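As structure tokens, one chain now follows by itself in the form deposited in one PDB entry.
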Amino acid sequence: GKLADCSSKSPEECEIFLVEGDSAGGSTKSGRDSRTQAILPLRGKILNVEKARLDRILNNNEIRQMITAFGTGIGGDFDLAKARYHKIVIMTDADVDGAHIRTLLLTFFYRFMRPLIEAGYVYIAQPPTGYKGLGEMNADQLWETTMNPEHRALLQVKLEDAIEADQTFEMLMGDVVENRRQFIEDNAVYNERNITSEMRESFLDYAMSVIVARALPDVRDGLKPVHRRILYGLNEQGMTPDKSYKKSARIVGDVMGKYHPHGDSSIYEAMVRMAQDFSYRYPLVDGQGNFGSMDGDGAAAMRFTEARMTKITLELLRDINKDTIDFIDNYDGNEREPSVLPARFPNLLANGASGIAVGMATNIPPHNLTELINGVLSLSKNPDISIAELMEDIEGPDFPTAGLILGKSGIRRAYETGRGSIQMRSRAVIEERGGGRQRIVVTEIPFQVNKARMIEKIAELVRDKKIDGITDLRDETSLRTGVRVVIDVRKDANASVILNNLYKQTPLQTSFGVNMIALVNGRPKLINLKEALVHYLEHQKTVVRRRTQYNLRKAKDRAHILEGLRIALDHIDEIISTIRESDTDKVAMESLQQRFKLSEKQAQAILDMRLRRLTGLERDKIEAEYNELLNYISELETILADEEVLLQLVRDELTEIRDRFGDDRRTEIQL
């Protein structure tokens, strides 16, 4: 019994608060009136009774507890006269996931306790916004704002149209995705309460948020918010590859407070993935300690592990503090975070992405960096280049885990339409092992296949006699010798027939279903290969142009400051007189401007100069910096005057990155 009941046993005047868990529950319990206010803390996202089978709804803990608590029974054994509270209040947290949970609770109430809604017994609390959850609020401010009958504003759930309600719960919570997807495309925007309205607004609120700020990557830098924030945090704390490894608990703590208002496990595990050479084609995090295995083992707890950027991540961040990309307010207006990273290499395609969102998902495979940039260079020289033509550069996916791809037709379809099915195979050979016996040796497995689960799958077949010919199965994999899975073949059995069966019946062959959905200008979009590169190139141009414009403004400010110091150096004797005959700093300022026709800034810079700056070498430093800066100023203006020069520079910086980080193709494309 999680239920913290009230004293009074008079249902007319008793109410029950459904909260997300004990973090909310505590604040709730501390602030309530225990005479008339019961509390039932749940455990987060409840079951979707619209998608779930009947037997499993009834065997579900929180469903049981809610029913037990209400005292009515369910569906047809629902007696409204046995109800123990005339007020059932949904008080989930005031975030998108709170709205989602409320829709899930409503789905449950409408399907199994419909008459409870019809009796006007179901209510929605209205906690203040700007709180991640109720546990973040003090007890008194939760009582006054949300729970005190004297000041609270509860919304009574009313049911208007029964037909229309049915169509709503089926559409939003039902198993058919397309209908949901259609609702989101049609409706997306980039103190009674109608149940139909609440469902539609709450779900859209959740759907949208998961679509544009959680599960789908941005086309420009290929990142989800969590990754973008982990990387930015690493940048902000000077956690570069030349520095030592920093503790993960601080990385996580920092990202969670400043940028990512969600649980630590989502953050830590997203970071861990980026450090794994079998998950990321070009790892983004350089980890120290236990960071997981291909066998599905998780990483060590965050208190043990350490991390920093890889050298390549520096290229994601290069020039972020040179006004290249737009910054936005963080979740609470106390911080600033990047909307997008500079992304000086085409990361989306390089590393790919997979996200399960709402009404849609995404699945992009990784690619070879040498080939992608070559692709970008060709597009840059011909805006009208066909997909076929791009594919002379980018042969197909290139998986961190190597392996084989069967044929080109799936790739082609996927590059042209954004969708397509790519068959992946393990790299396997047949060899002798003595006495006329043979074995199969696997040294590379498909992308995202759990090796230990794959081995168990084979063993299970052996055992069930669903496959013939295998006498032994060993995972000889080693840190020192790499992946090595050995399948011994029964004497005189065709091992090639056995190998073929394994590809038919086990993850030893696996398909990658490409479904290339990314955020293009804030909206989810199914894109082909060209579109993906087009948006990327366009982003590289804005980055380098904005960088060049930044460096200019700053060069011009510094030259202006140096012009002041040189005037000063030229008339040093007269500059001293002016300052020495002045009572206050303000008087000296005004006099320096008047005597030598200096700006307010130049005068300040002169007054701030130390006596040290009068030594021979220091005087020469000022002159030397000034001459170097004039040459730099025109170098910048030249680039700004000519579009082709700019684009050329985007080409030369991409090339430089290709030469330094480009590497061999790993996945073999068999015809």
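Residue numbers here begin at 1 and follow the sequence given.
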{"property": "Size class of the missing deposited segment between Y190 and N191", "result": "10 or more"}
{"property": "508-516 versus 83-91 - greater average Cα B-factor per the deposited record", "result": "83-91"}
{"property": "Mean Cα B-factor comparison, 343-351 or 597-605, giving the higher one as deposited", "result": "597-605"}
{"property": "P524, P397, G76, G403, ranked by C-alpha B-factor: the highest one", "result": "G76"}
{"property": "Peak C-alpha temperature factor (PDB record), options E315, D583, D286, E371", "result": "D583"}
{"property": "Where the record places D22 (Cα B-factor, split into thirds across the chain)", "result": "middle"}
{"property": "CA B-factor ranking of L172, expressed as a third of its chain", "result": "middle"}
{"property": "Lowest, middle or highest third - CA B-factor, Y121", "result": "highest"}
{"property": "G469, C-alpha B-factor rank within chain (lowest, middle or highest third)", "result": "highest"}
{"property": "Within-chain third of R558 by Cα B-factor, per the entry", "result": "middle"}
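This next part talks about the form deposited in another entry, which is not shown.
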| item | value |
| --- | --- |
| Hinge assignment for the rigid-body change between the shown form and the other one, options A605, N494, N551, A299 | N551 |
